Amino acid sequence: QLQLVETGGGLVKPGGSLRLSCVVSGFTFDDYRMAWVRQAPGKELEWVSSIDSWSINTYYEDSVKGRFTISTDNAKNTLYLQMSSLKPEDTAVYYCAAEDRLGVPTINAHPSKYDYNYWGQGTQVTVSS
C-alpha cells in the first residue's frame, strides 16, 4: 500500500505561486522524514527541501529558503510544498520522497535513489512567460 502521488504542478507566470501536494499511503509522517527533490531537463537530481514533522524542523536548499515553504498534515496524511515568487530556473519535475527517520540524517544535495525509502511519480512544473 506504500505509494506517493504528487499533484498541483503546472505552468505559472514568473513570480507566481504553486501548491504541490504529495498524498502518501502505507506509512505515517512520524516515522519518515519527507522531502521535495527536483530534476532539471537532463541534469542530476537536486534536493529542494525536507521536513521533520515529529519536531517541526525544516530544511531548505539555500536558494529555496524564504520563497518556498514545506509543510505536512498528519491530519490528511498529505505533504505540501507551498511555492511562491517562482523564478525561471525552478522549472523541473518535482518528486516527493520519504526517508526512514532512523537512518543517517545527512542531506545530499544531489541524491540518488537509495537516498530515500520511497519516491513518487513526479509532477511537472514549468515557469515561462
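All residue numbers are counted from 1 along the displayed sequence.
Test of understanding: from the entry's C-alpha B-factors, which stretch has the higher mean, 6-14 or 111-119?
Between 111-119 and 6-14, it is 6-14 that shows the higher mean C-alpha B-factor.
Going by the mean C-alpha B-factor recorded in the entry, which is higher: 25-33 or 59-67?
Stretch with the greater average CA B-factor: 59-67.
When the modelled residues of the chain are sorted by Cα temperature factor, does residue 77 land in the lowest, middle or highest third?
For residue 77, the deposited C-alpha B-factor lands in the middle third.
Ordered by C-alpha B-factor within the chain, which third holds residue 91? Give me lowest, middle or highest, please.
Highest third.
Could you look up the Cα B-factor of residue 45 in the entry and say which third of the chain it sits in: lowest, middle or highest?
Middle third, going by the recorded CA B-factors of the chain.
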